[PDB]
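Reading through the structure tokens given below for one structure.
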Amino acid sequence: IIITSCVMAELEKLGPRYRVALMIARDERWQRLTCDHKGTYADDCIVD
Amino acid sequence: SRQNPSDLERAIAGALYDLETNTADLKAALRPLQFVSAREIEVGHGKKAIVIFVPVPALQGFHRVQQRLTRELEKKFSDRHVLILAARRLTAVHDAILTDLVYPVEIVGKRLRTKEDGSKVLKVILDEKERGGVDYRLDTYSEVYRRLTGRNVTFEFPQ
Amino acid sequence: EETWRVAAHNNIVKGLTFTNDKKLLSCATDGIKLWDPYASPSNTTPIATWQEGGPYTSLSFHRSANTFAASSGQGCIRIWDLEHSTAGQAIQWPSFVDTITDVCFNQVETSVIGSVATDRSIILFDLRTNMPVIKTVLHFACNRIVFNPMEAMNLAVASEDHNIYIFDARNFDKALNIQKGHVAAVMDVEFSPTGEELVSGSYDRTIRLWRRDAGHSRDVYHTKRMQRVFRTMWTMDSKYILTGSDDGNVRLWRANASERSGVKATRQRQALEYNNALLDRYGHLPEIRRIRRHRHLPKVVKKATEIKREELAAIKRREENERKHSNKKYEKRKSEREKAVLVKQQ
Amino acid sequence: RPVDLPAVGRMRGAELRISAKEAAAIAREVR
Amino acid sequence: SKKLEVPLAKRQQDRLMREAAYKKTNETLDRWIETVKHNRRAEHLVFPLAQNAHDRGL
Amino acid sequence: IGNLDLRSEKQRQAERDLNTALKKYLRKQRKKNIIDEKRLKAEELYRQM
Amino acid sequence: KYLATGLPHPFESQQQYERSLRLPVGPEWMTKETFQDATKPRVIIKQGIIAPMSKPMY
Amino acid sequence: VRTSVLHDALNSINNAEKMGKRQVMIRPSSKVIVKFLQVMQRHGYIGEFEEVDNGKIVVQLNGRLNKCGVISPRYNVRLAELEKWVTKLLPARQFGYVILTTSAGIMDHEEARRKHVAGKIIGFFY
RNA sequence: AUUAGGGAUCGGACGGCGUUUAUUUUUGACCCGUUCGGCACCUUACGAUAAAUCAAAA
Ligand SMILES: [Zn+2]
Numbered sequence: 089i090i091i092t093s094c095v096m097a098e099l100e101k102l103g104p105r106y107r108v109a110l111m112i113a114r115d116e117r118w119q120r121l122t123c124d125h126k127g128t129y130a131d132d133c134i135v136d
Numbered sequence: 015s016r017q018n019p020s021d022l023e024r025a026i027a028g029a030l031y032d033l034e035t036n037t038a039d040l041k042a043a044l045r046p047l048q049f050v051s052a053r054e055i056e057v058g059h060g061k062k063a064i065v066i067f068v069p070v071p072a073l074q075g076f077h078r079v080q081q082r083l084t085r086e087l088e089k090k091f092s093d094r095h096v097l098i099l100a101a102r103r128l129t130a131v132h133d134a135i136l137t138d139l140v141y142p143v144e145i146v147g148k149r150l151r152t153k154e155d156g157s158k159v160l161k162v163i164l165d166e167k168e169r170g171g172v173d174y175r176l177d178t179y180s181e182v183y184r185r186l187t188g189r190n191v192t193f194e195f196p197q
Numbered sequence: 101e102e103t104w105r106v107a108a109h110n111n112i113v114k115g116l117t118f119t120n121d122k123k124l125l126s127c128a129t130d131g132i133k134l135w136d137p138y139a140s141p142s143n144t145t146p147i148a149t150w151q152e153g154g155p156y157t158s159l160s161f162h163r164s165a166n167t168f169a170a171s172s173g174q175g176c177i178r179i180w181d182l183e184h185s186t187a188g189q190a191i192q193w194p195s196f197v198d199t200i201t202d203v204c205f206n207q208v209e210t211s212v213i214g215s216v217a218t219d220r221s222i223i224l225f226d227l228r229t230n231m232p233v234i235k236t237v238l239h240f241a242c243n244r245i246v247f248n249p250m251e252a253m254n255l256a257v258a259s260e261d262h263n264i265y266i267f268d269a270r271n272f273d274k275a276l277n278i279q280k281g282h283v284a285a286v287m288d289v290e291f292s293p294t295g296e297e298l299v300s301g302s303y304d305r306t307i308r309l310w311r312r313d314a315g316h317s318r319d320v321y322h323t324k325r326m327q328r329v330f331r332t333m334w335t336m337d338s339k340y341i342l343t344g345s346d347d348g349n350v351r352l353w354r355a356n357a358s359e360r361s362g363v364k365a366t367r368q369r370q371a372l373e374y375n376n377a378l379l380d381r382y383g384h385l386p387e388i389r390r391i392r393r394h395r396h397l398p399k400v401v402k403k404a405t406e407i408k409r410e411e412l413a414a415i416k417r418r419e420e421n422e423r424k425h426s427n428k429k430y431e432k433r434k435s436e437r438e439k440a441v442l443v444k445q446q
Numbered sequence: 271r272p273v274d275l276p277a278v279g280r281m282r283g284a285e286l287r288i289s290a291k292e293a294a295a296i297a298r299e300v301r
Numbered sequence: 295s296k297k298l299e300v301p302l303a304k305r306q307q308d309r310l311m312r313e314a315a316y317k318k319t320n321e322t323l324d325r326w327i328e329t330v331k332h333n334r335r336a337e338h339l340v341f342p343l344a345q346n347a348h349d350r351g352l
Numbered sequence: 466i467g468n469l470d471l472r473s474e475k476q477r478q479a480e481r482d483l562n563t564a565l566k567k568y569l570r571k572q573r574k575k576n577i578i579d580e581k582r583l584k585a586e587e588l589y590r591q592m
Numbered sequence: 881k882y883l884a885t886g887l888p889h890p891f892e893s894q895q896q897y898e899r900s901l902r903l904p905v906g907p908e909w910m911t912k913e914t915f916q917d918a919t920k921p922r923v924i925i926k927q928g929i930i931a932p933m934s935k936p937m938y
Numbered sequence: 002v003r004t005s006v007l008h009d010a011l012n013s014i015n016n017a018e019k020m021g022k023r024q025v026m027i028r029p030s031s032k033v034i035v036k037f038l039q040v041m042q043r044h045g046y047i048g049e050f051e052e053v054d055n059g060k061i062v063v064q065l066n067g068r069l070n071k072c073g074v075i076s077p078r079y080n081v082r083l084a085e086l087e088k089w090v091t092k093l094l095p096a097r098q099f100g101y102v103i104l105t106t107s108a109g110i111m112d113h114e115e116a117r118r119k120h121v122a123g124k125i126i127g128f129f130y
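Residue numbers (PDB author numbering), protein chains in the order written: chain A, 89 to 136; chain B, 15 to 103, 128 to 197; chain C, 101 to 446; chain D, 271 to 301; chain E, 295 to 352; chain F, 466 to 483, 562 to 592; chain G, 881 to 938; chain H, 2 to 55, 59 to 130.
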């Protein structure tokens, strides 16, 4: 269940009120792919 | 009373008699008092201190008369820390022991400082208006309450 | 990616460092542990342990030799020597329980120790003469200690006064410098190895970067992915800082945030230091001054620094009204770094 | 919608209000 | 002055003992005061120091 | 460039540290005609004169 | 807008300040060695390990 | 008035969490609240606390507390029911803890698993 | 559980570098600092939520 680094960026940049869900994202057992873009638009990221 | 006199119990009985006679010009709790109880264990290394267990109305008898009294007791008697205390046989009894230990100063605060694990410490902070002649007695008082109760409480003037 | 990874304790790991040879060290409330990361096959199990001394709050390690010290919360610090000690030497203020957050080994004068205590109070120590040396009590609490890696008598403390205080060991009569730079209370300090710079890492979303001699903000740093910075320390070039967050991140940032490093050309460094010198000459005029001090700042933080300024202005107003309409008028106005200390104690 | 709401009952401050219907439903999910 | 004195209180005892430790430490700080003064009132400081240069005199 | 403003530096320092002309003074201020408590002090001093 | 608003704190007098600056570091008006010696920085940090100082220097 | 001085304290606790204050002042205090602070410091949401008498409590915190809450009807629960209550309260089964008064005293669901006891759910923290 | 304080508002009560009552002590008027209590502004919400209601529908 992979998480693009853009998505991880979006869920940190969201307010502290989602910190639990951000932790759940932050979990280490699930792989990650970097990206090459500018500025954290997750939808563009996934569709690419 | 309750005691058969020991080697220094008879000494303090004779001492209250020699405070009755051949001295002041002050006698209120001297004559109606007898041998009641006492205990002597060392405080720290080498240093020692005496606790004198006292009947419960003679506590307020002493609170009428304790000025100059512990002073003469220390300067004639063995040159160690003299301290009066009540004679009792839970928590409120412990607080009574505390407030009777610290006789000239009223306590103000009881801080039960907890630690990062399950350990706790007790501290009592005293009054500011008397601070001078209490610090070199603080270690003594704390060793007394530890040896009498087993609980480690530290005494402070807060800063 | 990672070099080497293992779990270490149950509770939150309060402390960590490396040994002067290669091994690394972990304090948490469960205890003190020692692993070796750069083993050629990896092991997860530690190779040294301790569990005695209560909750261990922090570590401090020797500049050169194999000494380390563990600050506990029992009002006690205790020092081990590697390969030749088991429980170490237990030193404290001889009648003291109040907790010891951190401790930094000096690297100017080795074999010297300072630590903070929760009586709003600091204690200087020595290792030759195994005893505390001095205890200063200030107005409100202090959070993490440091001494300067060039100026030996100069120390700095990070304080719940929201303040970085530069003290000097020989003379605790006045604060040498007051850095009144925050809204929330500072979580960390680290001296640059140049001895000329300083990271002050807030609880709030703000690093502020500093020289030794301003008294105010040279730099503010943040980004909103990092709510509450905790451990804020320099690298060995004194160019690049590290920033361990609350949001689960290690960040690699720069000091003097506009200097693009590498290997320049001669005319390039000419132009850069030309800019430096020119700005040095004219660093006071309104125009260049405001375009100089105009950073950008997150909203709650800026609202709060306006709050702080208004409230402290009212506080100073009440103080001066009390002075002018009290008998304090016929006295000397004490300066603020004099006012900085409450009391000092031996 | 707030993540930090558990899926059982209504909260007023830190008072999470649960009905006996909800608690009996938990018992039914156990059974 | 071979006379032994009255054993003073432990508080004042440790006070003067750690005061002596403080005087020792202050001596060991005065042994650098001049160098810190140099690097303060000096012209141009340099880093890294060639004294911790791991290849110093080769 | 970079020289000091005299009036502004006087305001800065102030905010930091904090018989023959009076006749033309009255003749100039007799046309205002604010009651002017400073002119009250000036009138009492001209009366003592 | 270009006139000096506050006297910079290290200085003391108007003539001190305004006759102190008085001179351009810039290249068109002074020599090249003048340029180098004026524009060199107060600290010079070269590249590598800056460990704290070991021995006294001064 | 709110008779649960427990919940009033915890209201102040989550208020300090939301406001970023690193301390509190629980003006009326009691031992069950003290036991709750002991377990919250057992697993480290809170730095360190103490109690003063005339009684109030000061508690220095981190920020790693997210929420504390009380179970108002003070419900009974058993072991498989403990597992179901755990999953129906918490976000994920390896985060946070619930607060269970057992006959062995007060403990979390993890300690309740270690010691194999049932009891009453009164609150929780994550 | 507070907002977040500040500006003022007066009811006490406390203090004082001081002016005027005061021929000098009371005491009173002006000014300041402390303290509770409240009518209310404004900002920030600490959030809201059914919005036009908000320092309360937080
Ligand atoms: Zn992408």
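A virtual CB, placed ideally from N, CA and C, is assigned to each residue, including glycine.
Subject >> Cβ-based contacts, 7 Å cut-off: residues of the region 94–124 of chain A near chain D >> reply: Within the region 94–124 of chain A, contact with chain D at the beta-carbon level (separation under 7 Å) is assigned to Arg105, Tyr106, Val108, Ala109.
Subject >> Distance CB(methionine 326 of chain C)-CB(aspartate 347 of chain C) smaller than 8 Å >> reply: It is a contact, given that the beta carbons lie within the stated cut-off.
Subject >> Beta bridge counterpart(s) of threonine 117 of chain C as assigned by DSSP >> reply: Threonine 117 of chain C has C:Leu125 as its beta-bridge partners, per DSSP.
**OP:** Determine the burial state of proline 904 of chain G: buried for a count of at least 16 other Cβ atoms within 10 Å of its Cβ, exposed for fewer.
**Re:** Burial state of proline 904 of chain G is exposed, judged by a 10 Å Cβ sphere holding fewer than 16 other Cβ atoms.
Original post:
When the distance is taken between beta carbons, is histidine 384 of chain C closer than 8 Å to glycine 886 of chain G?
Top reply: For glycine 886 of chain G and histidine 384 of chain C, yes; Cβs fall inside 8 Å.
Original post:
Any Cβ of chain G within less than 8 Å of the Cβ of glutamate 373 of chain C?
Top reply: For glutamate 373 of chain C, the closest Cβ of chain G is nearer than 8 Å.
**OP:** Spell out a yes or no on whether the region 177–185 of chain B and the region 46–64 of chain B are touching, meaning 3 or more CB-CB pairs, one atom from each, closer than 8 Å.
**Re:** Note that the region 177–185 of chain B touches the region 46–64 of chain B; at least 3 beta-carbon pairs, one per stretch, sit closer than 8 Å.
Subject >> Residue burial classification, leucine 65 of chain H (beta-carbon count within 10 angstroms, cutoff 16) >> reply: Around the Cβ of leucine 65 of chain H, a 10 Å sphere holds 16 or more other Cβ atoms; the residue is buried.
Original post:
Who are the neighbours of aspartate 470 of chain F on chain G, taking C-beta pairs under 9 Å?
Top reply: In chain order, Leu883, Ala884, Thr885 make up the part of chain G whose C-beta sits under 9 Å from the C-beta of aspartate 470 of chain F.
Subject >> Which of helix, strand or coil DSSP assigns to residue 461 of chain C >> reply: With chain C covering only 101 through 446, there is no way to say anything about residue 461 of chain C.
**OP:** Under 8 Å by Cβ, that's how I've got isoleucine 14 of chain H and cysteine 72 of chain H pegged, so tell me the actual separation to the nearest angstrom.
**Re:** 5 Å between Cβ atoms; contact.
Original post:
When you compare only the Cα positions, how much space is there between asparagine 16 of chain H and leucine 136 of chain B?
Top reply: Near 37 Å, if we compare the C-alpha coordinates of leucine 136 of chain B and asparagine 16 of chain H.
Original post:
Relative to the alpha-carbon of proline 137 of chain C, which residue among C:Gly131, C:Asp130, C:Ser126 has its alpha-carbon at the smallest distance?
Top reply: Per the Cα distances, C:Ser126.
Original post:
So which residues of chain E does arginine 312 of chain C contact, with C-beta pairs closer than 8 Å?
Top reply: By Cβ distance, chain E contributes nothing, its closest Cβ being about 10 Å from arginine 312 of chain C, past 8 Å.
Subject >> Cα-Cα separation, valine 216 of chain C to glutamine 24 of chain H >> reply: Approximately 19 Å, taken between the alpha carbons.
Original post:
Going by other Cβ atoms of all chains shown within 10 Å of its Cβ, with 16 needed for buried, is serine 338 of chain C buried or exposed?
Top reply: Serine 338 of chain C should be labelled buried.
Original post:
Tell me which same chain residues have a C-beta within less than 7 Å of the C-beta of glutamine 151 of chain C, skipping the five on either side of it?
Top reply: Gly131.
**OP:** List the residues of chain A whose Cβ lies closer than 7 Å to the Cβ of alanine 96 of chain H, in chain order.
**Re:** Per Cβ cutoff of 7 Å: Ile112.
Original post:
So what does DSSP say about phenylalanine 196 of chain C, is it helix, strand or coil?
Top reply: Secondary structure of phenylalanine 196 of chain C (DSSP, three-state): coil.
Original post:
Under 9 Å Cβ-Cβ, which residues of chain F neighbour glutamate 898 of chain G?
Top reply: By Cβ distance, chain F contributes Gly467, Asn468, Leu469.
**OP:** Would you kindly report the start and end of the unbroken beta strand (DSSP E) that includes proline 77 of chain H?
**Re:** For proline 77 of chain H, the enclosing beta strand (DSSP E) starts and ends at 72–81.
**OP:** Go ahead and label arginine 481 of chain F buried or exposed: buried means 16 or more other beta carbons lie within 10 angstroms of its beta carbon, across all protein chains shown.
**Re:** Flag for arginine 481 of chain F reads exposed.
**OP:** With hydrogens ignored, establish whether the beta-carbon of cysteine 133 of chain A is closer than 7 Å to any heavy atom of ligand 1.
**Re:** Indeed, a heavy atom of ligand 1 lies less than 7 Å from the Cβ.
Original post:
So what does DSSP say about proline 904 of chain G, is it helix, strand or coil?
Top reply: Three-state DSSP puts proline 904 of chain G in coil, outside helix and strand.
Subject >> Sequence-distant residues of its chain with Cβ nearer than 6 Å to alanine 63 of chain B (five each side left out) >> reply: For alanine 63 of chain B, where only same-chain residues beyond five positions count, the Cβ hits under 6 Å are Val57, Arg94, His95, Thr178.
Original post:
For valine 363 of chain C, does the count of other Cβ atoms within 10 angstroms reach 16, so buried, or fall short, so exposed?
Top reply: By the neighbour-count rule (16 or more Cβ atoms within 10 Å), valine 363 of chain C is not buried but exposed.
Original post:
Just to check, is the beta-carbon of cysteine 123 of chain A closer than 7 Å to a non-hydrogen atom of ligand 1?
Top reply: Closer than 7 Å to some heavy atom of ligand 1: that describes the Cβ of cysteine 123 of chain A.
**OP:** Would you mind reading off the limits of the alpha helix (DSSP H) that contains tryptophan 326 of chain E?
**Re:** Where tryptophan 326 of chain E is concerned, the enclosing alpha helix (DSSP H) stretches over 304–335.
Original post:
Would a C-beta distance cut-off of 8 Å place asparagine 243 of chain C and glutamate 260 of chain C closer than the cut-off?
Top reply: Yes. Within cutoff.
Subject >> Paired residues, beta bridge with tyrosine 156 of chain C - DSSP >> reply: Answer by DSSP bridge pairing, in chain order: C:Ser172.
Original post:
What does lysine 153 of chain B reach in chain C if we use C-beta pairs closer than 8 Å?
Top reply: Correct list: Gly154, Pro155, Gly173, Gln174, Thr199.
Subject >> Environment of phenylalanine 99 of chain H [buried if 16+ CB atoms lie within 10 Å] >> reply: In summary, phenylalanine 99 of chain H is exposed, with fewer than 16 beta-carbon neighbours lying within 10 Å of its beta-carbon over all protein chains present.
Subject >> Limits of the beta strand (DSSP E) - the one that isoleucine 191 of chain C falls within >> reply: Element bounds for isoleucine 191 of chain C: 189–191.
Original post:
When DSSP labels each residue in this structure, what does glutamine 370 of chain C get in the three-state scheme?
Top reply: In the structure shown, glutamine 370 of chain C adopts helical secondary structure according to DSSP, grouped into three states.
Subject >> Closer than 7 Å: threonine 92 of chain A CB and nearest ligand 1 heavy atom >> reply: Yes, ligand 1 has a heavy atom inside 7 Å of this Cβ.
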